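Engineer: experimental structure and its sequence below.
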Amino acid sequence: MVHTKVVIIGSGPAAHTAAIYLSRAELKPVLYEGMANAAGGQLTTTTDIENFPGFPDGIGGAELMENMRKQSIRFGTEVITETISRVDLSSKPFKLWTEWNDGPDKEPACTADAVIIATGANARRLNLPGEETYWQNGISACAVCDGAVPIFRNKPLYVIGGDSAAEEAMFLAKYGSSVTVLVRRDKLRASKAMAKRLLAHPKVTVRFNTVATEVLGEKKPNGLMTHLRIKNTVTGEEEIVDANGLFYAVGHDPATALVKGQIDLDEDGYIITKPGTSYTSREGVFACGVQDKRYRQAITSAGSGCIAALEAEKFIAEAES
Amino acid sequence: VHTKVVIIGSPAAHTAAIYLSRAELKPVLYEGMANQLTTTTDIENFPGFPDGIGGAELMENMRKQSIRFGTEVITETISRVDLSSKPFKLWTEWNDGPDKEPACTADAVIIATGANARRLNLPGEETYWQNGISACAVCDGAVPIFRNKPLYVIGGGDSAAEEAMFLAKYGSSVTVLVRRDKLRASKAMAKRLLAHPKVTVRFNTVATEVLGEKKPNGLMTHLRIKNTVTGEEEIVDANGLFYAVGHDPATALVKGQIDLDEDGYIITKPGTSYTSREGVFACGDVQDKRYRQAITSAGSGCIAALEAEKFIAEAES
Ligand SMILES: Cc1cc2nc3c(=O)[nH]c(=O)nc-3n(C[C@H](O)[C@H](O)[C@H](O)COP(=O)(O)OP(=O)(O)OC[C@H]3O[C@@H](n4cnc5c(N)ncnc54)[C@H](O)[C@@H]3O)c2cc1C
Ligand SMILES: Cc1cc2nc3c(=O)[nH]c(=O)nc-3n(C[C@H](O)[C@H](O)[C@H](O)COP(=O)(O)OP(=O)(O)OC[C@H]3O[C@@H](n4cnc5c(N)ncnc54)[C@H](O)[C@@H]3O)c2cc1C
């Protein structure tokens, strides 16, 4: 609003959990779920989520984020579907503008004594042909999230060069019949340990200089990905192979462009906060859910969002006189 | 018997077991017939359930999910554990003799035995538990049965003052019953307390009897307190009571094998589940002290599950 108590940025699970706790505490939090730069939590793209506690028969990420939003709005979180353009973490009240409403002379869209960050760190997508067709119907980015799906059990699994690829491929090896790793360039970017225990792992091969040209599959309602046209890049040699599952592993892009140094970041881009909390490099502003790069999960993000809400309340208690 | 990774405890422990069994391991989960959300009647503070879910139903859903993904859930208490050898030895309750054999040893082990808030065993506590009584205010604060109504809190530590200053955001008048003449809390916490408008502190007073509606689904209405110095008991209008004394962490089975803090909780590398001993992880309320929440507990359990998967992968290669 004109001046709120606390503002949370992002549509993610962390943001909605923090908003649940903050609206429970009667703190009147505002939540900016944006207009990805997806609509709703970045988890909505997942067709079904079975690794979240409390849902033994799985649950669609779309309706799960819808339920979290309904919880937040029921508790009193004023959620507005607007993207945040610019932040001003310099004045004592944190001011934030809206995309297409930004301006050096334009008044801020919302100011608050504290701001929680859960803008998400969505894994990069290759925007391949067929990706928008078989998205989460055989094409994913987290192996710990879609590895146990029966459509990948004892089936050829292909993964596109950082360590984020091997950490998931040596795990997918516990399901598919043959896991193959497609590297854009010869050799492995990852440190020597994962490459050593990966090339020596018997259920996974590493095809260097090979990138997937296109993603082929069925063409029916909820059609599954069946094959992958991959192109060896030293001979321009295109070749279509059996691939029931494709897993993206290019480096995740955390949405930390708003801070631009107001809060301080790491080399990979993520927001640096104290371990096990949400206290950023600056008081008042806390980041949760952006927070993690080693686990990259929605339950951990929800826990860190609860953490951010609790620490936000703890801080608001001290600021009030 | 022998398994991949053993998980001690009954939400984070279930979350760790879900993630372990999903990764196609052999994770034995020990609920124990032993030695907490199921005590909670209704839970609105959990995400994804806007209309709320009972703690018993939530834990039953988590349990059937875990046993669906492939965890050998065994309703047996773990008594003693010998973390000396490279494989970790465990022992069942009443089956933990010094010469007795380990029930289900494993290579790695997750700890999520929780940290239970101390109860008072007052007359009627069992009768009116979670129908007015509770232990976490952040969990049962915004419940409509407490808003704009008298609330009484028992405790002497900083947690009691924090819970009272949190509950002042709903009830008409919050009262705290210190068992002694002075506050065990810090000076800043006590200053923010006594300066908080809606809180009232009564020293040398312990709640003696919880007296509410003995209706088939009755709530709590009144509380017989007593000035512990004089012994003069007095029954006051208490719509909602809150245990806010210290919490007992069920780490007793570790017994110094893993480094512990002064309050008893298992120390961990911040932001992780790693313990002092490399190979055993601790998650949930055992390693969490500032939050005590079930969602944060399940998050820490997922942390422990992923780090144990990584550790058991790095061990055999
Ligand atoms: C294909 C894929 C599949 C996955 N499957 C699973 C799974 O099955 N189970 C699981 O637990 N995890 C899964 N994950 C992990 C997923 O990223 C989780 O959502 C993440 O761990 C937690 O999300 P978050 O809290 O970081 O916020 P996010 O979910 O990433 O929320 C991002 C939101 O931030 C908003 N935003 C960004 N910038 C702004 C801004 N300036 N102003 C306003 N809003 C902004 C965007 O609108 C976007 O909606 C998957 C990830 C990917 C890429
Ligand atoms: C009245 C009350 C209300 C609450 N309401 C909420 C709420 O609304 N929302 C929320 O998020 N949190 C709530 N909580 C917090 C609650 O305690 C959470 O469930 C807690 O944070 C989770 O703890 P845990 O996962 O670490 O272990 P828990 O699952 O809570 O308990 C660990 C289990 O380990 C078992 N165990 C111990 N030793 C052994 C052994 N040797 N062998 C086998 N098993 C053993 C014990 O039987 C115990 O049940 C509430 C707590 C209380 C007291």
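Structural biologist: Sure thing, it's come through. Numbering: from 1, shown residues only, chains lettered A, B, ... in the order given. Ligands and ions are numbered 1, 2, ... in the order given.

Engineer: all contacts plus neighbour counts: C-alpha atoms, from now on.
Structural biologist: Fine.

Engineer: mind listing the strands for the stretch 51-200 of chain A?
Structural biologist: Secondary structure of the stretch 51-200 of chain A (DSSP state E, counting those that start in this stretch): strands at A:78-80, A:84-88, A:94-98, A:110-117, A:139-140, A:156-159, A:178-182.

Engineer: just name the most buried of those.
Structural biologist: strand A:156-159 (a mean of 26; mean count of other CA atoms under 10 Å in any protein chain shown).

Engineer: what packs against that one?
Structural biologist: helix A:163-172, strand A:178-182, strand A:245-247 (3 or more CA pairs under 8 Å, 6 or more residues apart in numbering or on different chains; DSSP states H and E).

Engineer: can you say which of these is nearest to residue A:156?
Structural biologist: strand A:178-182 (4.8 Å; CA to CA).

Engineer: hmm, that closest one touching chain B?
Structural biologist: No: Strand A:178-182 lies out of reach of chain B by CA under 8 Å from any CA of the partner chain, never closer than 15.4 Å.

Engineer: stretch A:11-29 too?
Structural biologist: Yes: against chain B, stretch A:11-29 shows contacts by CA under 8 Å from any CA at A:16, A:17, A:20, A:21, A:24, A:25, A:26.

Engineer: hmm, that stretch touching ligand 2?
Structural biologist: No: Stretch A:11-29 does not reach ligand 2 (CA under 6 Å from any ligand atom); its nearest approach is 10.0 Å.

Engineer: near ligand 1, which residues of the stretch 201-321 of chain A show up?
Structural biologist: Residues of the stretch 201-321 of chain A lying near ligand 1 (CA under 6 Å from any ligand atom): A:255, A:289, A:290, A:296, A:297, A:298, A:299, A:301.

Engineer: let me know the secondary structure of the fourth one.
Structural biologist: When states are read from DSSP: H, G, I helix; E, B strand; the rest coil, the local structure at residue A:296 comes out as coil.

Engineer: give me every residue that touches the closest residue to residue A:129 other than its chain neighbours.
Structural biologist: In space, and not counting its chain neighbours, residue A:129 is closest to residue A:214: 5.2 Å by CA to CA, 6 or more residues apart in numbering or on different chains. Shown in contact with residue A:214 (CA atoms under 8 Å, 6 or more residues apart in numbering or on different chains): A:128, A:129, A:130, A:228, A:229, A:230.

Engineer: so the second one makes contact with residue A:215?
Structural biologist: Yes: Residue A:129 is within contact range of residue A:215, at 6.2 Å (criterion: CA atoms under 8 Å).

Engineer: what touches both of those two?
Structural biologist: With the criterion set as CA under 8 Å, 6+ apart, the contacts of residue A:129 and residue A:215 do not overlap.

Engineer: so which of the two has more stuff around it?
Structural biologist: Between residue A:129 and residue A:215, residue A:215 has the larger neighbour count (other CA atoms under 10 Å in any protein chain shown), namely 25 against 13.

Engineer: wait, a strand at that one?
Structural biologist: Yes: using three-state DSSP, the assignment for residue A:215 is a strand.

Engineer: coming back round to it: a markdown table please, covering the helices and strands packed on strand A:156-159 and showing distance to residue A:261.
Structural biologist: Below are the helices and strands packed on strand A:156-159 laid out as a markdown table (distance: least, CA to CA, whole Å):
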| stretch | distance to residue A:261 |
| --- | --- |
| helix A:163-172 | 26 |
| strand A:178-182 | 35 |
| strand A:245-247 | 32 |
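
Engineer: most packed of those?
Structural biologist: It is strand A:245-247: most buried of those by mean count of other CA under 10 Å, with a mean of 28.

Engineer: contact residues of the stretch 101-250 of chain A facing chain B?
Structural biologist: A:144, A:147, A:148, A:171, A:174, A:197.

Engineer: show me which residues of stretch A:223-237 are buried.
Structural biologist: By neighbour count on 16 or more other CA atoms under 10 Å in any protein chain shown, the buried set for stretch A:223-237 is A:224, A:225, A:226, A:227, A:228, A:229, A:230, A:231, A:232.

Engineer: which one is residue A:168 nearest to, not counting chain neighbours?
Structural biologist: Nearest non-adjacent residue to residue A:168 (CA to CA, 6+ apart): residue A:143, at 5.4 Å.

Engineer: out of the contacts of residue A:214, which two sit at the greatest distance?
Structural biologist: Within the contacts of residue A:214 (distances taken as CA to CA), the two that end up farthest apart are A:130 and A:230, at 13.1 Å.

Engineer: for residue A:233, give its distance to residue A:213.
Structural biologist: 10 Å (CA to CA, to the nearest Å).

Engineer: residues contacting the residue positioned nearest the centre of chain A?
Structural biologist: Among the residues of chain A, the one closest to the centroid is residue A:122, at 3.3 Å (CA atoms, centre = their mean). For residue A:122, the contacting residues are A:42, A:252, A:253, A:254, by CA under 8 Å, 6+ apart.

Engineer: one more pass at 6 Å, please.
Structural biologist: A:252, A:253 (CA atoms under 6 Å, 6 or more residues apart in numbering or on different chains).

Engineer: please tell me how far it sits from residue A:270.
Structural biologist: 11 Å.

Engineer: ranges for the helices of the stretch 201-321 of chain A?
Structural biologist: A:298-319 (DSSP state H, counting those that start in this stretch).

Engineer: where do the strands sit along it?
Structural biologist: A:204-207, A:210-217, A:225-232, A:237-242, A:245-247, A:285-287.

Engineer: and the fourth one, what does it pack onto?
Structural biologist: Right, strand A:237-242. strand A:225-232 (3 or more CA pairs under 6 Å, 6 or more residues apart in numbering or on different chains; DSSP states H and E).

Engineer: what are the contacting residues of the strand it packs on?
Structural biologist: So strand A:225-232 is contacted by A:134, A:138, A:209-217, A:237-244 (CA under 6 Å, 6+ apart).

Engineer: please pick the buried ones from these.
Structural biologist: Counted by 16+ other CA under 10 Å, those give A:134, A:138, A:209-217, A:242-244 as buried.

Engineer: burial count for the closest residue to residue A:62 other than its chain neighbours?
Structural biologist: Distance criterion CA to CA, 6+ apart; nearest residue to residue A:62, sequence neighbours excluded, is residue A:44 at 4.1 Å. Neighbour count of residue A:44, defined by other CA under 10 Å: 20.

Engineer: checking residue A:44 next. Helix, strand or coil?
Structural biologist: Assignment for residue A:44 (three-state DSSP): coil.

Engineer: which one of the buried ones among the contacts of strand A:225-232 is nearest to residue A:107?
Structural biologist: Once CA to CA is applied, the member of these that ends up nearest residue A:107 is residue A:134, at 43.0 Å.
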